[PDB]
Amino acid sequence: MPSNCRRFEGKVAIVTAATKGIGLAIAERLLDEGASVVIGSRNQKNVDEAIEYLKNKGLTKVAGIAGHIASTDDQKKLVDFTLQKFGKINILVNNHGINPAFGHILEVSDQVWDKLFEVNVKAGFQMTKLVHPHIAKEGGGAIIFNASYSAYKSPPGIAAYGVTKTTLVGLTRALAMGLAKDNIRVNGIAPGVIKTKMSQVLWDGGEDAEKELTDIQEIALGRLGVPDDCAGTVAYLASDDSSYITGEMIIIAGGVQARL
């Protein structure tokens, strides 16, 4: 697991929705590679636990602030807290995304529809507008979006969610084209089924409910992902190892086929 990579010394990153699951793994990895990192999530207790968890592993260049990521007030607070703690911003990882609905797409209300886009898409656009001048002032940097494999393969039950993630593919690209002039590279990841609280209902009926899911999902590599499976990609995308890559999505799904 320790790569000895230290591609982030003297960089500051914000990772949204990063007190559990994929986001926390991303933050941990950036911290292992020498970054200072601000994490956030809604619940102060989750922030507290995540900060304690990281500091217990010796990763002390971390701070946390509780906030709703789709609140414009909390967005500004997150960005200002980052600047207060660490003086600058190099990287933004828009990891947040919700999935409240489960059902047929025709049963998604106009309100639930709007909420899905508000949190899953709009909030990342807003965060991007706020961090932009700060990242540009450092001569450039990176923004990463956590979309989903379901951007590409429309899933049953969470199809409206999936559509938001398709949107993030386009937003990743549009921001990439637009922020290239500031040497800000914008890329994304499109994870498959990762074992987290969000996907729990699909995989928490034993070893064999997990194997049956691996089967149905058609996962070449024959297992479900874990949060750490995303982190090496995020680190790669936010580092100089990808300095000539912008506007791309990397599918992290164990070999599930949804585009060429």
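One-based numbering along the sequence shown.
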(message) When the Cα temperature factors in the entry are averaged, is it 52-60 or 33-41 that ends up higher?
(response) 52-60
(request) Between 138-146 and 100-108, point out the one with the higher average CA B-factor as the PDB entry records it. (result) 100-108
(request) Please rank the C-alpha B-factors of the chain's modelled residues and tell me whether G206 sits in the lowest, middle or highest third. (result) highest
(request) Among all modelled residues of this chain, ranked by Cα B factor, put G247 in the bottom, middle or top third, i.e. lowest, middle or highest. (result) lowest
(request) Sorting the chain's modelled residues by C-alpha B-factor, tell me whether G87 ends up in the lowest, middle or highest third. (result) middle
(message) Test of reading the entry: by CA B factor among the chain's modelled residues, which third contains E9?
(response) highest
(message) Where does the C-alpha B-factor of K122 rank in its chain, lowest, middle or highest third?
(response) lowest
